[PDB]
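A.B. asks: following this: a sequence and the matching experimental structure.
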Amino acid sequence: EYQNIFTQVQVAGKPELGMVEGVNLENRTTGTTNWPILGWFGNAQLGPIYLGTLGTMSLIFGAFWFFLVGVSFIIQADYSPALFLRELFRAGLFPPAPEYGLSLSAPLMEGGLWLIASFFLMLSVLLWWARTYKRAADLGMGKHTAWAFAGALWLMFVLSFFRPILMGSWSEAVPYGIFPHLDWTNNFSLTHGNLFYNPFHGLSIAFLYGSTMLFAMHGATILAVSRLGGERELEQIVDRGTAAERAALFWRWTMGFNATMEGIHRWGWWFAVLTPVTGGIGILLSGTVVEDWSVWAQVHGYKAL
Amino acid sequence: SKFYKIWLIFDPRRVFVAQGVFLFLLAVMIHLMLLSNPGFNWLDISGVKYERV
Amino acid sequence: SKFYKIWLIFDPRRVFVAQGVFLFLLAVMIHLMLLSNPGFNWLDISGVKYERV
Amino acid sequence: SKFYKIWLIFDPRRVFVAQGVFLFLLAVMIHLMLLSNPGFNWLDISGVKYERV
Amino acid sequence: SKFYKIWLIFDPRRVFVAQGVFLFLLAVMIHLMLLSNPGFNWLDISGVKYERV
Amino acid sequence: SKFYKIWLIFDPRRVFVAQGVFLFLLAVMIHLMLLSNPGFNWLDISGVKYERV
Amino acid sequence: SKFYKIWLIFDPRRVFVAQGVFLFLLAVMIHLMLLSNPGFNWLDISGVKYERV
Amino acid sequence: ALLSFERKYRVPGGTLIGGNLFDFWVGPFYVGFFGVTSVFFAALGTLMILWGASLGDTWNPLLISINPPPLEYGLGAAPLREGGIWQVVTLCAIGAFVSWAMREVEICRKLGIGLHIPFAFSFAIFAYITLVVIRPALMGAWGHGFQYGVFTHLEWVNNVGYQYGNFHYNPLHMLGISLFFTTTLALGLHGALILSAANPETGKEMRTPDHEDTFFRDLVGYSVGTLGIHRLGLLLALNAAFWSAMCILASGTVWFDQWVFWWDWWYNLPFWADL
Amino acid sequence: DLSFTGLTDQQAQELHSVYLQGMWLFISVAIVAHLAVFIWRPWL
Amino acid sequence: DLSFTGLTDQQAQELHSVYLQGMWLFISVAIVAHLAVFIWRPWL
Amino acid sequence: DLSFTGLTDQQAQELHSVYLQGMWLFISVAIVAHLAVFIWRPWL
Amino acid sequence: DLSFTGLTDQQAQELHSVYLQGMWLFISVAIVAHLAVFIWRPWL
Amino acid sequence: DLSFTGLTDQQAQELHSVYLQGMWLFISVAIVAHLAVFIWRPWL
Amino acid sequence: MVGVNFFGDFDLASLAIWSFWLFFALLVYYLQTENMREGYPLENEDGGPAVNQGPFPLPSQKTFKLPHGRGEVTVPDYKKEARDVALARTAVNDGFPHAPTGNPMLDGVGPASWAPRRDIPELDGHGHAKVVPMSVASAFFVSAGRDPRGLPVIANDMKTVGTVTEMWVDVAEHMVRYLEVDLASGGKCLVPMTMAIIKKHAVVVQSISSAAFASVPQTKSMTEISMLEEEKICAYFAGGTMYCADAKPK
Ligand code: BCL
Ligand code: BCL
Ligand SMILES: CC[C@H]1c2cc3[nH]c4c(c3C)C(=O)[C@H](C(=O)OC)c4c3nc(cc4[nH]c(cc(n2)[C@@H]1C)c(C(C)=O)c4C)[C@@H](C)[C@@H]3CCC(=O)OC/C=C(\C)CCC[C@H](C)CCC[C@H](C)CCCC(C)C
Ligand SMILES: CCCCCCCCCCCCCCCCCC(=O)OC[C@H](COP(=O)(O)OCCN)OC(=O)CCCCCCCCCCCCCCCCC
Ligand SMILES: CCCCCCCCCCCCCCCCCC(=O)OC[C@H](COP(=O)(O)OCCN)OC(=O)CCCCCCCCCCCCCCCCC
Ligand SMILES: COC(C)(C)C/C=C/C(C)=C/C=C/C(C)=C/C=C/C(C)=C/C=C/C=C(C)/C=C/C=C(/C)CC/C=C(/C)CCC=C(C)C
Ligand SMILES: COC(C)(C)C/C=C/C(C)=C/C=C/C(C)=C/C=C/C(C)=C/C=C/C=C(C)/C=C/C=C(\C)CC/C=C(\C)CCC=C(C)C
Ligand SMILES: COC(C)(C)C/C=C/C(C)=C/C=C/C(C)=C/C=C/C(C)=C/C=C/C=C(C)/C=C\C=C(\C)CC/C=C(\C)CCC=C(C)C
Ligand SMILES: COC(C)(C)C/C=C/C(C)=C/C=C/C(C)=C/C=C/C(C)=C/C=C/C=C(C)\C=C/C=C(/C)CC/C=C(/C)CCC=C(C)C
Ligand SMILES: COC(C)(C)C/C=C/C(C)=C/C=C/C(C)=C/C=C/C(C)=C/C=C/C=C(C)\C=C/C=C(\C)CC/C=C(\C)CCC=C(C)C
Ligand SMILES: [Fe+3]
């Protein structure tokens, strides 16, 4: 039986340039390419993109942050292109040391460049957030994507903005290296007792696992009912066919309750969004409220002794 | 010269946005660089000058 | 002199919204620099000036 | 020589924007590299020259 | 040596951009390898030549 | 003898580009191998030869 | 004998490209194998032979 | 109580083992042959968990833990109070998980639809079986399985992680984390896009699937498409499961030092070895 | 007529005037505040 | 007349004149600021 | 297609001329800056 | 006149000529630079 | 004249000729370089 | 706020976690009730209202506006299914299967069930028919993979029922959705691409017998297809996966 995992025969007509629903067309590029290796899995069209004020500004600020991280790597390699490549994952642009507190007076190669890059990184993610909002607004769509992105941004900002301010030191923000930010994560768990005994870290993991499991379930369900017009999820929300019914009856017979075509996406939205929302809460409480989650768990009756 | 022909090439809106962005970036970066150096950090300089001011 | 023609180029609504958010964030940012520095933290300065007020 | 004909082949928008970005980034890199060297750090050099300016 | 026929085949835009990117990267790599070497680092060499310039 | 006919088989652009990238990479490899070995590293060789140059 | 029939079965371009890439990888791997062994590293051998070349 | 469209789908057929012997529903739940076995296995495992809790000193459902046998029993069957209850529960868990998948197969056969759901759940089952069977068999002791408890199995995760230094430096672990993070991001974006199209700005007609193609093409330049997003989410989650299982399988069987030292192959490449 | 916004050359007169009034109010308040701060705690 | 931007040459004249006026104002202020800062703490 | 860019022969002239003057001004300022820096702290 | 780009023979001629002038300038300046550097610090 | 590339016969010979000339120039320069490098530091 | 606790060991952390549990119970209530907009109220096995309806009450009615002048849709609708189902219960109790009273595939029950959708074509964002034969689309072409047109089509018993003569594509999402089969029976047939495997020699459909191909639900028109016709065709093949499985080899 055909498993709808890969397309068998690809087809292509005139390239699709998008819906016009209040988008400024002069900010939308005009060139599309049609790349058939992608058409085995999904769409083949590498479509146009929209480039307006917010996107341009976000790209400029983010690219400058990226550039500044790179330049710091070059300088700490003592200019060597060999060390630069050998340490592309092991090097990091680190925040100022604890003695500088939250002041903006730390040497340029000991946190100052970290501060400047961090400022421009902050600017670009917020501008990208505004972009996600405004692209929905220009098409007349709801704002669910921007809200979901706000949750992930909330974890990001508690990581490097909110919590270091509440702790009184930039030195607790995460550095900009591939391996050093993993080292940062490990150190963070090690200094706050053990982050497994942080209930919001537990809840964040539950929502991460659940969102992975949920989208295994949902992708498998839609693929299983693809024989019927299944993946046309919109228009099954407003005109229920057998794909939606059989999808509902599978899960009802299996676990005793089911979702609807529209409502499974609310479950997934909330499970995905709750992972960084709950995670940010648990990091924010670490150090500020609880210093040692292990003894806190012992006091609150979920760690023995 | 007659540089005005530049506005025949580029849309003024994009130019103004880009130019404001780069000016803002430049000013922020210079001010933060001066604050990072303890010879041009004016807050701390004043603190020392006026015996805590 | 004749700077008014910016309103023929940029939309007044969007420039006012952006200007307001920019000014608010700038003001918050400067106040937080000043509170960060222990030479311009006005709460602690006033605490020490009047001998714990 | 007769370099002008390149503008019939290359779009002036792309070339101008790319040159602007490249030159800006190159200048920033060179200045940061000079500031990292403690022999060409002009802020610290002036600090030494005037006995803390 | 009638090599101009290569332009009949190769896109001048593509080849020029590729040459420029490649040449800039090559020059940067050579310069950085020279700066890395404490025998050709001209910033530190001049510091010794002029007794801290 | 008459190897020319191959330009009817292989497209000249693909061959020329592949060969240029090929030769560049091979030359870079050989130079890096010589530089890696401290018996053919010509920068340090010259440094020793000319008394730190 | 009559092996040319394979050129009616396998495309010369794909076969030749694969053959070239394969032969290069093989020669490079053999050379790096020899350079790894401190018995057949010809650069170090020449160094010892001429008393540091 | 049937859904208002459910009746026409409640037909005989689709079973694998026992014909019409178990071909009936209990409330919402289809039973079938593997519903009988999954219920029995689940009940016996739960009930042995409760019995093992009774033999301890706490009834707190966050302190109850059933522990695997000590290492000295190797791969033998342990005395029931010295790890044997763990083995009974583990065998019950495998029985119930496998029965659950086979029951899912029968439901798919009755509602003639693809078998993708039991396949994906089997990937989850494989991760579990790697954790409690495959890895401890290769190491030669059931006691390398993880203790059963809401917060004590996290002590297992901690101890095994810190056996190999910082477990972050495990390339398969890195790959698995990226797949978990990416599938969560993809779920967020897919749910958001569907909800945005179905729930427009107030007063607007419902958006089309063209509008959502247009939304991602505007935002990032690419749209995978409606069929593509589900294929993508399915394979992302399945790969996360599989590469996590490979991550843990490699640790203690073929790799034994701090995982950080694995990257010494790159850091000790001879040209930059000494730099 | 040049209008990237659709506005009138005169409508820019009135908007510019009112915007300048608000601008000058804000800047005058900021100037007095800076004078007061500089007296209270000089930074240069 | 060629228009990548939809701007007529007479519109370019006025736009460029106003742009130059603003740029000169900005540069003159920055120059005054640099003279003041150089007198306060010279950096060369 | 002689004009990959929509430019003609003469407006290509004018664009090249203004570009070349701008480039010359940039380079001359850079030359003066390097002379001044070399006098201040010679790097060779 | 077959051409993968559509440029005729004569534009190829003038483009090649201008390319040659640029290339010779670059190499000649680089030659002078290498001479100066070798005088300053010989490397072989 | 069947041709995958589309070039007829006449391009083949001149393409090969210029290719061979560039090839021989490259190897000749490489040979001179290797003789110089071998004189400077023999490796065999 | 370290070590400073409300209530004698109740923290800001304790407060946060209890607050989350409260919010999450409310969100579960919201999510469950949102997911009850189809299929309620629950019925009994004779088409009448069920005695039990569950702990969750139904949500308030919500309306969808449909583009291209296709009215409004309010859910939950409280309406019962608008088709008759030729089944009959096999037991007087509940929880046992109902058996087909005639041909399950022709009646449209079980895995061959179709839902009564609207007898109009699904539309793309511009108001045109979304799924059409390539003779109509006319700018579509095969881009990769092997074209099935002209190949023989082989049923789930190894017998050939005809040849592929046309593809029906989705003009919005660039995809083939149906294969039009010309039958030696004497007529035409649409086969869902999700139910066909294209190979070098043939397209093989392992869900439907050769005798079943003689009665595939037809379309009114050969230039467009309604959602009702789509449901019937796809349901016919998916039901064949049960009601034709005995015709397979061995
Ligand atoms: C020794 C290591 C510690 C540990 C220390 C930490 C720490 C420290 C943290 C976590 C966090 C998380 N941990 Mg952990 N954790 C451990 C063990 C585990 C285990 C396990 C099986 O052992 C698991 C499954 C997890 C799981 C998780 C996640 C649930 C959670 C992050 C959620 C999220 O949304 O992330 C992914 C989302 C983000 C990182 C958000 C930011 C991403 C932003 C939005 C990106 C924007 C764009 C970007 C700027 C630019 C580039 C784009 C361009 C295109 C190039 N932990 C042990 C105990 N864990 C976090 C948390 O929430 O804790 C409560 C956290 O901070
Ligand atoms: C000190 C701790 C170490 C560490 C040590 C380990 C160890 C050790 C392991 C992992 C594993 C994993 N870690 Mg790690 N990990 C750390 C930090 C992290 C961080 C982080 C941000 O710091 C993250 C995101 C992760 C992420 C991950 C995942 C890639 C993976 C867990 C998923 C998995 O296995 O699913 C697989 C899913 C399952 C096994 C679930 C199976 C479910 C079954 C089929 C059904 C059960 C039904 C139930 C009984 C029913 C109840 C009935 C009710 C009605 C519902 N780790 C640190 C550095 N990590 C684990 C792994 O890869 O496992 C394979 C693992 O073993
Ligand atoms: C519900 C929570 C999950 C989530 C949600 C989420 N993320 C989102 C969204 C949502 C709903 C978006 O709408 C938004 C988006 O647009 O997605 C497509 C986004 C997105 N989440 C992203 C990443 C991301 N999300 C993550 C996590 C998650 N996001 C959560 C699991 C992570 C993790 C796990 O760490 C990452 C890394 C992005 C793809 C995107 C946000 C885009 C963004 O932030 O843009 C800001 C731009 C920059 C920093 C610019 C970078 C520029 C390049 C470096 C330029 C390169 C130039 C050249 C190579 C040279 C450069 C150097 C110099 C010479 C210039
Ligand atoms: C003791 C007190 C403890 C607290 C207990 C009290 C909590 C009661 C709140 C109710 C509980 C949840 C149940 C209802 C919430 C579910 C959302 C909902 O009701 O419907 C979704 C609605 C949108 O409606 P919709 O039909 O989708 O149409 C919109 C068209 N644009 O609206 C939405 O979509 C909501 C979208 C925003 C939701 C959050 C988005 C996250 C954004 C960034 C989060 C970061 C903030 C982190 C906060 C941490 C603070 C420490
Ligand atoms: C021996 C102890 C037994 C329990 C301990 C196990 C741990 C439990 C923790 C998770 C709870 C899982 C239990 C799920 C119950 C499964 C039975 C079931 O849900 O079906 C019964 C009920 C009836 O369905 P229906 O009639 O259709 O409802 C609508 C009609 N009014 O259907 C419904 O109730 C519909 C409502 C769906 C319920 C939503 C499920 C929420 C799951 C989200 C959890 C994710 C976060 C978990 C955090 C974990 C932290 C450790
Ligand atoms: C320390 O170093 C260690 C790295 C030694 C080892 C290094 C080994 C190396 C680096 C081996 C390198 C070998 C190579 C690749 C040498 C270079 C070959 C090439 C491609 C040389 C090209 C040189 C110059 C050209 C083509 C001319 C450039 C300048 C011009 C002005 C002409 C073209 C460009 C422009 C802008 C003019 C025409 C375009 C316009 C728009 C007017
Ligand atoms: C501070 O943080 C760190 C340390 C990062 C490093 C940087 C330090 C510095 C110095 C950063 C640079 C700061 C900048 C950008 C300074 C420049 C500031 C500017 C341009 C301020 C301009 C302010 C206000 C203007 C131009 C106008 C204001 C107008 C109003 C307030 C009136 C608006 C109200 C009106 C018009 C009422 C009528 C409304 C309608 C809709 C008719
Ligand atoms: C040592 O560290 C170094 C690393 C600090 C960091 C950076 C070094 C570098 C790269 C420094 C130099 C950067 C550059 C390229 C600076 C050049 C700056 C420029 C071009 C400034 C020009 C500004 C011109 C402006 C702001 C124009 C107008 C000003 C206004 C206030 C707007 C008035 C214009 C109007 C009203 C025209 C609107 C149109 C109509 C019809 C009304
Ligand atoms: C050839 O040219 C170049 C030089 C391209 C070579 C480049 C090499 C590069 C680009 C290397 C870059 C490497 C890496 C490793 C980039 C990624 C780093 C990681 C792991 C980033 C993860 C970061 C996580 C967080 C939470 C980051 C930021 C969070 C924020 C809330 C940002 C805002 C924080 C602050 C403190 C803003 C400061 C604001 C003021 C006013 C001081
Ligand atoms: C010093 O510290 C560390 C930096 C020691 C050492 C660094 C060593 C390195 C990285 C050395 C090598 C650097 C390299 C590879 C530099 C390459 C520089 C290049 C390619 C410069 C080429 C510039 C080309 C042009 C055409 C430059 C300027 C032209 C203009 C600005 C045109 C202006 C006209 C315009 C914008 C038209 C409108 C007119 C106006 C006035 C706006
Ligand atoms: Fe979906």
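C.D. replies: Nice, I can see it. Numbering: from 1, shown residues only, chains lettered A, B, ... in the order given. Ligands and ions are numbered 1, 2, ... in the order given.

A.B. asks: what is the three-state secondary structure of residue 179?
C.D. replies: As the question left the chain open, I've gone with chain A. helix (DSSP: H, G, I helix; E, B strand; the rest coil).

A.B. asks: wrong chain, I was asking about chain N
C.D. replies: At residue N:179, secondary structure determined by three-state DSSP is strand.

A.B. asks: for chain A, tell me whether the lengthiest strand in chain N is touching it.
C.D. replies: The residue-count maximum for a strand in chain N (DSSP state E) belongs to strand N:160-170. Yes. Judged by Cβ under 8 Å from any Cβ of the partner chain, strand N:160-170 comes into contact with chain A at N:167, N:169. Bear in mind the C-beta positions are built from the backbone N, C-alpha and C, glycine included.

A.B. asks: do stretch H:180-195 as well
C.D. replies: Yes. Stretch H:180-195 is in contact with chain A by Cβ under 8 Å from any Cβ, via H:180, H:183-195.

A.B. asks: so residue A:91 touches residue A:175, yeah?
C.D. replies: No. Using Cβ atoms under 8 Å, residue A:91 is not in contact with residue A:175; the gap is 9.4 Å.

A.B. asks: higher neighbour count, these two?
C.D. replies: More crowded of residue A:91 and residue A:175, by other Cβ atoms under 10 Å in any protein chain shown: residue A:91, with 23 against 17.

A.B. asks: once you drop chain neighbours, what's closest to that one?
C.D. replies: residue A:73 (4.8 Å; Cβ to Cβ, 6 or more residues apart in numbering or on different chains).

A.B. asks: over to residue A:87?
C.D. replies: The nearest residue in space to residue A:87 (Cβ to Cβ, 6+ apart) is residue A:77, at 6.4 Å.

A.B. asks: those helices in the stretch 101-250 of chain A, which residues are they?
C.D. replies: Secondary structure of the stretch 101-250 of chain A (DSSP state H, counting those that start in this stretch): helices at A:113-139, A:144-157, A:163-167, A:178-191, A:199-224, A:242-255.

A.B. asks: residue ranges of the strands in chain I, please?
C.D. replies: Counting by DSSP E, one finds no strands in chain I.

A.B. asks: for chain B, find the nearest of the helices of the stretch 101-250 of chain A.
C.D. replies: helix A:113-139 (5.0 Å; Cβ to the nearest Cβ).

A.B. asks: residue contacts, the residue of the stretch 151-275 of chain H found nearest chain D?
C.D. replies: Residue nearest to chain D within the stretch 151-275 of chain H: residue H:221 (18.0 Å; Cβ to the nearest Cβ). Counting by Cβ atoms under 8 Å, 6 or more residues apart in numbering or on different chains, residue H:221 makes contact with A:46-49.

A.B. asks: can you tell me how far residue H:210 sits from residue A:146?
C.D. replies: Computed as Cβ to Cβ, to the nearest Å, the residue H:210 to residue A:146 distance reads 21 Å.

A.B. asks: for the residue in chain N positioned nearest to chain K, give me its contacts.
C.D. replies: Across chain N, no residue is closer to chain K than residue N:139, which sits at 25.3 Å (Cβ to the nearest Cβ). Residues counted as contacts of residue N:139 (Cβ under 8 Å, 6+ apart) are A:13-14.

A.B. asks: before we move on, the earlier item: got the phi and psi for the residue of the stretch 151-275 of chain H closest to chain D?
C.D. replies: Phi and psi for residue H:221, reported as degrees, to the nearest 10, are phi 90, psi -10.

A.B. asks: so which residues on the stretch 201-305 of chain A come close to ligand 1?
C.D. replies: Contact residues (Cβ under 6 Å from any ligand atom) of the stretch 201-305 of chain A with ligand 1: A:201, A:204-205, A:208, A:275-276, A:279, A:282-283.

A.B. asks: now do chain B
C.D. replies: Counting by Cβ under 6 Å from any ligand atom, chain B has no residue next to ligand 1.

A.B. asks: how near is the closest residue to chain J within chain B to ligand 3?
C.D. replies: Nearest residue of chain B to chain J, counting by Cβ to the nearest Cβ: residue B:4, 3.6 Å away. For residue B:4, the distance to ligand 3 equals 31 Å [Cβ to the nearest ligand atom, to the nearest Å].

A.B. asks: so who does that residue touch?
C.D. replies: By Cβ under 8 Å, 6+ apart, residue B:4 lies in contact with J:9, J:12-13, J:15-16.

A.B. asks: by neighbours, which of the residues you listed wins?
C.D. replies: Neighbour counts for the contacts of residue B:4 peak at residue J:12, which has 21 neighbours (criterion: other Cβ under 10 Å).

A.B. asks: isn't that one right up against residue B:11?
C.D. replies: No. With contact defined as Cβ under 8 Å, residue J:12 does not count as touching residue B:11 (12.0 Å).

A.B. asks: find the centremost residue of chain B, please.
C.D. replies: residue B:27 (1.5 Å; Cα atoms, centre = their mean).

A.B. asks: what helix or strand is it on?
C.D. replies: In the assignment (DSSP states H and E), residue B:27 maps to helix B:12-36.

A.B. asks: how many residues are close by the residue in the stretch 1-150 of chain A that chain B sits nearest to?
C.D. replies: At 3.3 Å from chain B, residue A:112 is the closest residue in the stretch 1-150 of chain A, using Cβ to the nearest Cβ. Using other Cβ under 10 Å, residue A:112 has 22 neighbouring residues.

A.B. asks: distance of it relative to residue A:97?
C.D. replies: From residue A:112 across to residue A:97, the span is 11 Å (Cβ to Cβ).

A.B. asks: mutual contacts of those two, please.
C.D. replies: residue A:106.

A.B. asks: scan the contacts of residue H:221 and report the most crowded one.
C.D. replies: residue A:47 (24 neighbours).

A.B. asks: so the residue of the stretch 1-150 of chain A closest to chain B touches residue A:106, yeah?
C.D. replies: Yes. Contact between residue A:112 and residue A:106 holds when scored by Cβ under 8 Å: they sit 5.3 Å apart.

A.B. asks: quick one: common contacting residues for those two?
C.D. replies: Jointly contacting residue A:112 and residue A:106 under the rule Cβ under 8 Å, 6+ apart are A:96, B:36.

A.B. asks: closest one of the residues of the stretch 201-305 of chain A next to ligand 1 to chain N?
C.D. replies: residue A:282 (8.7 Å).

A.B. asks: pick out the residue of chain B closest to ligand 3.
C.D. replies: Nearest residue of chain B to ligand 3: residue B:25, at 12.6 Å (Cβ to the nearest ligand atom).

A.B. asks: ok, the closest residue to that residue other than its chain neighbours - how many residues close by?
C.D. replies: Spatial nearest neighbour of residue B:25, chain neighbours left out: residue A:64 (6.5 Å); criterion: Cβ to Cβ, 6+ apart. Neighbourhood size, residue A:64 [other Cβ under 10 Å]: 24.

A.B. asks: hmm, back to that, and the residues of stretch H:180-195 next to chain A as a markdown table, adding neighbour count?
C.D. replies: Listed next are the residues of stretch H:180-195 next to chain A as a markdown table, based on neighbours: other Cβ atoms under 10 Å in any protein chain shown:
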| residue | neighbour count |
| --- | --- |
| H:180 | 23 |
| H:183 | 28 |
| H:184 | 28 |
| H:185 | 17 |
| H:186 | 22 |
| H:187 | 31 |
| H:188 | 27 |
| H:189 | 24 |
| H:190 | 25 |
| H:191 | 27 |
| H:192 | 28 |
| H:193 | 30 |
| H:194 | 27 |
| H:195 | 22 |
